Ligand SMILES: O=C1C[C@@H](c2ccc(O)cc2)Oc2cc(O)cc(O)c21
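Take a look at this single chain in structure tokens; it is the form deposited without the ligand.
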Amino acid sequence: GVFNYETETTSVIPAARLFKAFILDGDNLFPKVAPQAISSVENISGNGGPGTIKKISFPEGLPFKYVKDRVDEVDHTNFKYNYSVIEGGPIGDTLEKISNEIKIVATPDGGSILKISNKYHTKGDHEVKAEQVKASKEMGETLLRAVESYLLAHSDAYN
């Protein structure tokens, strides 16, 4: 079957700046500002646009070793990002792929909110463990606050 779960996290960083660092330059910032979350980001197939495959490895702590991600869509103007987890991690047994959509909306105060969306593809009527979804919510949130600390520490960046 197909299950969809949503989330929304706030950030002080304006959408314009957050996009460049969190999305446009994630594969170069995450392993730097969040080592206990991302160990290394390897490129497999593609230059970096739609159809690209990046091998994201995790530290020697998490239960997962790596995860293959496929770049689907990257809207630089509408601050939208779409990637799919095709291999590694939870993928297997009953789970096939994971369609993810990230959108950075600006707020009236000058901040921004992340409208993340997870769409899992299970086997027949098989469902997904709550902890699985709970993990991504923490995965992205930790990275978020990981990028905020840096941006606020280095104002002369991504601008």
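Start at 1 and count along the sequence shown; that's the residue number.
Below, we refer to the form deposited with the ligand bound, which is not included among the displayed structures.
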Review point. Does any heavy atom of residue 16 come within 4.5 Å of a heavy atom of the ligand in the deposited bound form?
Key: no
Point to revise | is_contact(residue 12, the ligand) in the deposited bound form, heavy atom dist at most 4.5 Å | key: no
Check your understanding: Heavy atoms within 4.5 Å of the ligand in the deposited bound form: does residue 112 have any?
Key -> no
Practice item. Evaluate residue 151 for contact with the ligand in the deposited bound form, applying a 4.5 angstroms cut-off between non-hydrogen atoms, and reply yes or no. Key: no
Review point. So which bits of 110-144 sit within 4.5 Å of the ligand in the deposited bound form, heavy atoms only?
Key: 116, 118, 136, 137, 140, 141, 144
